[PDB]
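Visitor: Residue numbers (the deposited numbering), protein chains in the order written: chain B, 92 to 123; chain A, 9 to 58, 71 to 99, 103 to 328, 335 to 466; chain G, 244 to 305; chain C, 12 to 68; chain F, 7 to 27, 29 to 187, 191 to 204; chain D, 6 to 35, 45 to 101, 184 to 481, 527 to 570, 580 to 625; chain E, 3 to 61, 68 to 180.
If you scroll down you'll find the structure; I have some questions about it.
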Amino acid sequence: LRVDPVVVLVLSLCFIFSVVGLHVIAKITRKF
Amino acid sequence: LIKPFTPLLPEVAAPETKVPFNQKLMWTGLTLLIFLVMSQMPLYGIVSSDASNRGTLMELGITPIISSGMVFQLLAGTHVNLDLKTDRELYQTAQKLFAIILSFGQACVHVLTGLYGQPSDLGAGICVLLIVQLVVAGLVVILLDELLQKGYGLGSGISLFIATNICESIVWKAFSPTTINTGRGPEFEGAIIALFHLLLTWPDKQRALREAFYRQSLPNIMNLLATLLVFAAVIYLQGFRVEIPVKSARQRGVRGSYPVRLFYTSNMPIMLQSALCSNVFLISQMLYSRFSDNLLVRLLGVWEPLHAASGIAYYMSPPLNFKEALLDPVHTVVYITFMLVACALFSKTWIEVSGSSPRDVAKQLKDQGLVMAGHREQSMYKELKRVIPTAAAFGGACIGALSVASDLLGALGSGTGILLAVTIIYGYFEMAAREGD
Amino acid sequence: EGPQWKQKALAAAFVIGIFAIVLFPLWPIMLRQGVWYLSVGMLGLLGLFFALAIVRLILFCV
Amino acid sequence: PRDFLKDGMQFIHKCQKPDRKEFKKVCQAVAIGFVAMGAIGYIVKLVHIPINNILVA
Amino acid sequence: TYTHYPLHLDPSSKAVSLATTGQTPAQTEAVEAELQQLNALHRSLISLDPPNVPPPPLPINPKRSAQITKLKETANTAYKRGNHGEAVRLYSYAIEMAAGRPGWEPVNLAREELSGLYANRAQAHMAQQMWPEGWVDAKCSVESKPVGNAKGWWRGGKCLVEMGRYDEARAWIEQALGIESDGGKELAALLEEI
Amino acid sequence: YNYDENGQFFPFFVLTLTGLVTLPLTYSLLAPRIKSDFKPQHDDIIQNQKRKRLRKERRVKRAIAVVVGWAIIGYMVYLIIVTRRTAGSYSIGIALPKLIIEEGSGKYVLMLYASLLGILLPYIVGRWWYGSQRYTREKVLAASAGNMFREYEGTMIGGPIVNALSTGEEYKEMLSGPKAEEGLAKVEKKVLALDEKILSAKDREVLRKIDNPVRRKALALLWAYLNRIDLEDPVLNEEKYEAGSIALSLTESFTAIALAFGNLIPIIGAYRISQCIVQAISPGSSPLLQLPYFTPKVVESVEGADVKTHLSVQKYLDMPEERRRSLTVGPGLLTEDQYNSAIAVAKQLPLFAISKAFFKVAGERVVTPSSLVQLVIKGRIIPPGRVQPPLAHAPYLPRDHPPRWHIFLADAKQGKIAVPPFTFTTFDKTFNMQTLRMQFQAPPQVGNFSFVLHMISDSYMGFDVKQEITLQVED
Amino acid sequence: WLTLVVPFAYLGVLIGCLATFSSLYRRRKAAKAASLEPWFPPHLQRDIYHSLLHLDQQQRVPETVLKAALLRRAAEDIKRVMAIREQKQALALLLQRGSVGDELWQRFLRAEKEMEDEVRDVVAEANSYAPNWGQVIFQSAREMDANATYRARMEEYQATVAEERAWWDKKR
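And the structure:
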């Protein structure tokens, strides 16, 4: 299987965004 | 024997055309930033109702890739003999498979045995989040390594990561903004920050400068200047080379020169010595932590704060500072002797397995057609074997002496990191000058 | 076809073996002492070989 | 022994040394690269410290 | 995936014709000339033989070549007799007849024949003191076959050096020598008298 | 951690950091020519275009940065001077204010960082990537070179080169809006009418066939510039003299492309068209308009009534003192002082004259096959009648072009080129005996053959030495 | 059992985002590649041949006209393939110097593929037209093209004799 580099970069960026979103949503649910 | 696994493991396609230099530099500069962002992000699940590579999505980090590379280099040295493309493809597939397996196992053992949230206290549906985060980080790292190795990058991923980590540690030790309140007013860990603060907010300027230079507790200015001087000296020394004349025999007339630098097999002996001392220190520490009630184990290594002392590992331990050296003269003597001998012999041994032996270079020049431009029928092998081994055995001792002197003078960070960063950036500059601009 | 299946089974056995040995720090405490004793014996054999090499070098020097 | 030091000194005296111009050029290039990498890493870490502290709560 | 062009067949003539409007004058005249050439090829093929398939270019019908050689021999005899008018007239007639060779047949034979005929007609025009016509005929001849046509280069250079423009003659003889022997010696002698 | 805000350490930190980052940034804000006494018409326009060609501020990029840095430094030193009056154990803190860790601005700074990382970085990266992939090595849009590549033909020289060159891409940005409709009619009428049939044989058809008004306007302007037509309006002249330089750059690119093909006629035509563009004479006209005061009226009378050749500068200057009675009587011709200045500026033109062009190999005498043999060509520079050469005359274009020299060699049997040219722009100082070298690997054979070399010079028209050299291989 | 499906949902949404982004990028790249303009101007003889076939299917045109149309189309195609074979080497040699972007190379590759497919289709149609009439059509086409361009060059060089005669009469 072959993929493009920009796909990998967007995947890594979305992974970082998913981690930070998990953190912030856990902090939000904690306050409630 | 790994034929069925080839279509499973994904990869990135090879560059269709010859990538230019600007786009390659952009790829490198974006990959390094992505790696740093990955290494400076907190993990999830660490909060359980009661950060430097501890929860930074890099617990496994680069260790599986480099471990697989080392073990496969050792296997290849022990013997993939034929140099066809199929052997290279099988080697790369085995590399990637072993890497993913080792990364998954490391993540699982790290999340299960401890050092993080406990399974009983946390639960049975939370640790899997940690496992998935870690394996995703490992897969992204092993895929960006191949993205930089396939040709889109200028060097290797692991070397670039080590260089940027060393330079980051140096710059952080330089301009640290964190304070430490050990009494008598807080102080800045950063060198220049403290040199400014103590100079400005204290009435006794002279004593302030005197204690700011020779602090010896936090990174100070004098050792920073020593690091800068060692950097300049090694940069000036890297450029040595013995240009030996050579004229071709097939296409008559064309001249040239064959360079043989003083740092032959660059930064290889220091890396081998560092690995050896790290392994022996780990073995001695693990043995003393359990079987301390013994005689030969006590003679091998005794540890007390964290720092080895009164043992073989004590002699193996590098000197801390100038005073820590001059207090024990014979210790410094034996350490200098061991370091020089080990570096020299490591260079002289690695020069054979690396394939740069005088016989191999002579055969390569004979096959390529290059012939010595001697006075009257000079044999290339004679002068080559007269020059090369001396150069290697001297460069080994020289780089060992430089590393030990940098460690004794108290340079910022260990000398191995300085030498590695210097030689990596020098190789980058060399290839950039080889290519256009 | 049968040789391909045999090779695939051999590869599966190899990968399950390596996946098991990498998880060795999670031993069930049944065979940990025997492995430690085997490692100690191997270390003793290596030390004896190194001592023999050092003795041979010192003898050849004289 | 002592012949090794003599051979090393002979090899050094026979080796050619870089001049001032090429040394200055290579030093400038290496310093630029090193400072760029260090500044990138340092600003990344210093930016992520407060964000990390606010996220981890 | 084809652009539709409404046509109209002409009965009793089988010559296609573009219908009333490509809605563009450029495209209109382009397709008009194209249909003209297509009808020309159709006429040629229908005059070929009841089997409309074109024969392969391996064999060559020698009747046309024999007619060309006969006409050339008679014209050469008439020119050597002393007259030049009917000589160049029959030269042009043979040139037209050789140009009447269809296209599907090989091109080397027709090229060589036109080269020879144009060189002969240029020599005849030079005998007639027709310098520009002789020069352009020599240029056409050397354009047909540039290799081994030393007589063509020599006649062209002679026409040039006769009618002026010495630099043109210089460049002509330079290219001749570059391509290049009695012909080479004659070219060198002509260049020396420039 | 505990971000300290009582002892006020973050002022010191930000002060030293901003000072270190703004101290070096302050420094961001802190050959000969030939002698002539001629001034062409519309000198103001061409001089204005020349001055507009080069411009660089390089101040707005760092002025805001340095001023905000010094403002931060001033505010922080004010805070220090104000707060210093008020300014058995192990803890670590950070020198940053307490407002960041406060729950009020937490979500705000988090959203700011998220928006930054998600917007500012990828957008600027893509913009930089596209900007880098836009241009090519020869300083031209890749689309322009790609479009001009297709228009290449097997054998084209002179006329069709201009047509194949007019299909550039800079004209799209240059003639945007109603600029095409403003001029097209007048410029096309003028070019189609006033030009003779000799300077335009069949290119009128190609000029009429094209429909894109931008390309047609560009081609009409190009043909108006290459003939010194001086079409009557004060607005189109600047666009004309700009299309001149655009065509020069496109001609460089097309020369590179034709050399990439490999041929003799396309290259020998591209060099001539570069000479004609940089000299502003029509390709094929008499190369006597290089002199400053000469007009078509006087060149139609100095070289006779009409002839298929053209009197070059050498043959003209080598004439006896008869040309005075031919073109200085001045019924509609030049005057005495004008003619004197014309000769004075003609007596200072470069004209290479080779005298020895022989091969040689380094190390031995007889050159062996498949070896590196370097050819030496040494000739003195004589005007008709590392040292920098004087700039080109070039009185009809904004930029000043350093006269280069393209030296190469080919053969006539196969009709292709053998070795790519080796250009240079300097000599080693009538005058003394200069020297020029060039090296290439001879083909591996045993039979010796002949070559022809070309001393084709750009920036001038009428200086072309063609000498043949015979190679030798013995072994 | 939600504490286990929450990470399962995380994996599901992650792999779904991966899949949808891969599909979107692949579709966008395919659309951008298909947006490349054709290499050479639209073929004309193929249009005439297809319109003739359509007219024949509508009604009664003699097939000899169709054979002539196919011959002309083959001549056009052989000229096109000669041109592309001449240009391929120059394009490959120039691509390394960087004076030509990659879009031109992509257009050239697509044009080469389309030309190969078209030449295969036309030779198959020719074989279907007449018994074993496959490989001779290209010999006929190359000979026709060469003779035609040679005749055109000859007529062009011949047509300019009047101006030369007038100039000679003027100078005389």
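C-beta: ideal position from N, C-alpha, C; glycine also.
If you measure between the beta carbons of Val-98(B) and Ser-24(E), is that distance less than 8 Å?
Guide: yes
Visitor: Are the C-beta atoms of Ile-62(C) and some chain I residue less than 8 Å apart?
Guide: Looking at the structure shown, chain I is missing, and the protein chains on hand are B, A, G, C, F, D and E.
Visitor: For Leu-167(A) versus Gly-180(A), is the C-beta spacing smaller than 8 Å?
Guide: yes
Visitor: Suppose the cutoff is 7 Å on Cβ atoms and the five residues either side in sequence are ignored; what does the same chain contact list for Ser-289(A) look like?
Guide: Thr-452
Visitor: Kindly list the residues whose CB is nearer than 8 Å to the CB of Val-91(D), restricted to its own chain and excluding five residues on each side of it in sequence; keep chain order.
Guide: Only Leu-20 meet the Cβ criterion.
Visitor: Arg-118(F) CB to nearest chain D CB: under 8 Å?
Guide: Chain D has no Cβ within less than 8 Å of the Cβ of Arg-118(F).
Visitor: DSSP state of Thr-136(A), grouped into three classes?
Guide: helix
Visitor: Counting only beta-carbon separations shorter than 8 Å, does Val-99(B) have a partner in chain D?
Guide: no
Visitor: Can you give me the start and stop residues for the alpha helix (DSSP H) that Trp-113(E) sits inside?
Guide: 110-137
Visitor: On a Cα-Cα basis, can you pick out the residue from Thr-361(A), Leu-16(A) and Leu-448(A) that is closest to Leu-251(A)?
Guide: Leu-448(A)
Visitor: Okay, do the stretch 32-48 of chain E and the stretch 52-61 of chain C touch, 3+ Cβ pairs below 8 Å being the bar?
Guide: no
Visitor: Applying the 10 Å Cβ sphere with the 16-neighbour rule, what's the burial state of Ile-294(D)?
Guide: exposed
Visitor: Measuring alpha carbon to alpha carbon, tell me which of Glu-169(F), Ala-178(F), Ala-176(F) and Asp-16(F) ends up nearest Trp-176(E).
Guide: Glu-169(F)
Visitor: Using a beta-carbon distance below 8 Å, is residue 124(B) in contact with chain E?
Guide: Past the edges of chain B, shown from 92 to 123, lies residue 124(B), and the structure says nothing about it.
Visitor: Measure the alpha-carbon distance for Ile-119(B) versus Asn-64(C) and round it to whole angstroms.
Guide: 15 Å
Visitor: Kindly list, in the order they appear in chain E, the residues whose Cβ is closer than 9 Å to that of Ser-109(B).
Guide: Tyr-12, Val-15, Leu-16 and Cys-19
Visitor: Quick check: the Cα distance between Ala-77(E) and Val-60(F), rounded to an integer number of angstroms?
Guide: 12 Å
Visitor: Which residues, in chain order, does the stretch 41-54 of chain A contribute to contact with chain B at a C-beta distance below 9 Å?
Guide: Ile-42, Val-45, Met-46, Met-49, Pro-50, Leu-51 and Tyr-52
Visitor: Would you list, in chain order, the members of the stretch 443-459 of chain A that have their beta-carbon closer than 8 Å to a beta-carbon of chain C?
Guide: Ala-450, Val-451, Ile-454, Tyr-455, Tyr-457 and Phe-458
Visitor: Could you name the residues of the same chain whose beta carbon sits closer than 6 Å to that of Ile-244(A), not counting the 5 residues immediately before and after it, in chain order?
Guide: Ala-214, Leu-218 and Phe-236
Visitor: Can you tell me whether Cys-150(A) is buried or exposed, with buried defined as 16 or more other CB within 10 angstroms of its CB?
Guide: buried
Visitor: Cβ of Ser-228(D) less than 8 Å from any chain A Cβ?
Guide: yes
Visitor: When you compare each of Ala-83(E), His-56(E), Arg-93(E) and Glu-124(E) to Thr-157(E) by their alpha carbons, which one comes out closest?
Guide: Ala-83(E)
Visitor: From the DSSP secondary-structure annotation, give me the bridge partner or partners of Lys-474(D).
Guide: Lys-452(D)
Visitor: List, in order along the chain, the chain E residues whose C-beta lies closer than 8 Å to that of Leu-102(B)?
Guide: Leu-20 and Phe-23
Visitor: What are the boundary residues of the beta strand (DSSP E) that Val-560(D) is part of?
Guide: 558-565
Visitor: Looking at the structure shown, is residue 6(A) part of a helix, part of a strand, or coil, going by DSSP?
Guide: This structure leaves residue 6(A) out entirely; chain A is present only between 9 and 466.
Visitor: What does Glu-111(E) touch in chain D if you count any residue whose Cβ is under 9 Å from its own?
Guide: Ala-238, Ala-239 and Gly-242
Visitor: What are the partner residues of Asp-16(F), as DSSP defines its beta bridges?
Guide: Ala-21(F)
Visitor: Work out the CA separation of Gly-146(A) and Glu-381(A) for me, nearest whole Å.
Guide: Across the structure, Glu-381(A) and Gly-146(A) are spaced so that their CA atoms are roughly 55 Å apart.
Visitor: Anything in chain B within Cβ reach of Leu-447(D), meaning under 7 Å, just list it in chain order.
Guide: Residues of chain B passing the Cβ test: none, with the nearest at roughly 56 Å.
Visitor: Going along chain E, which residues have a C-beta under 9 Å from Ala-147(A)?
Guide: Simply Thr-5 and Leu-6.
Visitor: Per DSSP, what kind of secondary structure is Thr-35(F) in: helix, strand or coil?
Guide: helix
Visitor: Mind checking which residues open and close the beta strand (DSSP E) that includes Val-325(A)?
Guide: 325-327
Visitor: By DSSP's criteria, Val-469(D) is part of a beta bridge. Which residues make up the other side?
Guide: Beta bridge pairing from DSSP links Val-469(D) with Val-457(D) and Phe-590(D).
Visitor: Indicate the three-state DSSP secondary structure (helix, strand or coil) for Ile-203(A) in the structure shown.
Guide: strand
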